[PDB]
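Below, in structure tokens: the form solved without this ligand, a single chain.
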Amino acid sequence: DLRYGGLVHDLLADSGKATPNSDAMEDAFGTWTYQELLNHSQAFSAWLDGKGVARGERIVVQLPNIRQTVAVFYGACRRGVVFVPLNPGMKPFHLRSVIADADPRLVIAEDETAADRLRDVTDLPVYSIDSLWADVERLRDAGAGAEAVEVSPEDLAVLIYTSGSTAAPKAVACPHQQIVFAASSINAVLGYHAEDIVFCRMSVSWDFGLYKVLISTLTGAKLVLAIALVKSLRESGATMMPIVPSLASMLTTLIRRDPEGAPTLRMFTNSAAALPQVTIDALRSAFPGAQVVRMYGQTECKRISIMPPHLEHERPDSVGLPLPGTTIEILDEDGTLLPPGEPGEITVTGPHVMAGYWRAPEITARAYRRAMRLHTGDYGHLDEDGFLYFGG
């Protein structure tokens, strides 16, 4: 089940052929089937071609959770163009630094006001998503962009900026194969399937939401890009919901106000940060059919460990087992393998370890070593069974 040597947009091409008429993406404004998503992705690729954006070049994209952004992502992958997603709400000087570090060919904004703000901070061409969507639709109607082009599994597909306002710009450089591999590996543990409906309140510009786009696409599921939270869940038929502590507490607070519940929910997946016992309990009480799944990871390799769903009640202090096909080792000060029970630096090896930081060899050399071993700067230990824990 694990995917090696893969290309990101092949996930879309596969599902576009296998299930063209299932629903792939719903946002506030409408729904696309897998066929529609592929059509618009191809059209967006022809637009890139029309603008002369070539293999290996970057585009910076600052867009909300809408179908168009997923088409931008895939259409760019299909041309070997590098997707550099940004959160709305960044401050001017922060934008200037990140954009210049990304060094793109062009910039896509949410609307004209946002595009004017972006023009203050770069001289590159900035395009409103609405304006340029008119062209993409014409291109779609003409059947443009169906042509494949040479893209290597080793080509960069995404830059994920992890640096805050107060930091030097720093992005993880993510090639196609690692991305596909990590999506297949996460999914081998979590088991999304074609009949799932994924309710995603997370931004698809954060790798958390991005991989919900990938994993839905890998498996044929439907992704729903989102106070009336409980109703939305129930009425969408939501089965899988990625969460963060803050979103989980809000959900348990809201559910008391709504005794109709959301019985279709079968799994909550938590990355980001420790979910406290009380929230866990409250979720299970409100959705007794739903598993509450712990995970740990960093952007530098997408994800490190997942507690298998069937073991959700066990080893409360663990953040789970390594992703299938990957290795976690605990190293001493001198870089030597520690035995079980012993505290050390959590290190990681495998086909998910990303390519380093974009154009920052020095900083990369200190995290990525020998590179093939990621040193996380987190400390913890493994038990005999291979489960991961923090500290000693």
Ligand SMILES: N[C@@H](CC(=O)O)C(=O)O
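Numbers follow the displayed sequence, beginning with 1.
As for the form solved in complex with this ligand, it is not shown, yet the points below apply to it.
**Message:** I need to confirm a contact call. Of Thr279, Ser203, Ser318, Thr299, which residue comes within 4.5 Å of this ligand in the deposited complex, counting heavy atoms only?
**Reply:** Looking at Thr279, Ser203, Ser318, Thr299 one by one, just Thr299 meets the 4.5 Å heavy-atom criterion.
**Request:** Just give me the single entry in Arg79, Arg303, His176, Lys222 that has a non-hydrogen atom within 4.5 angstroms of this ligand in the deposited complex.
**Result:** Filtering the options by heavy-atom distance leaves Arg303.
**Message:** Which is the contacting stretch out of 289-297, 255-263, 141-149, 93-101, given heavy atoms within 4.5 Å of this ligand in the deposited complex?
**Reply:** Of the options given, it is 289-297.
**Prompt:** Does this ligand come within 4.5 Å of any heavy atom of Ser271 in the deposited complex?
**Reply:** Yes, contact at 4.5 Å.
**Asked** Any chance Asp207 has a heavy atom within 4.5 Å of this ligand in the deposited complex?
**Response** Because a heavy atom of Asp207 falls inside 4.5 Å of this ligand in the deposited complex, the answer is yes.
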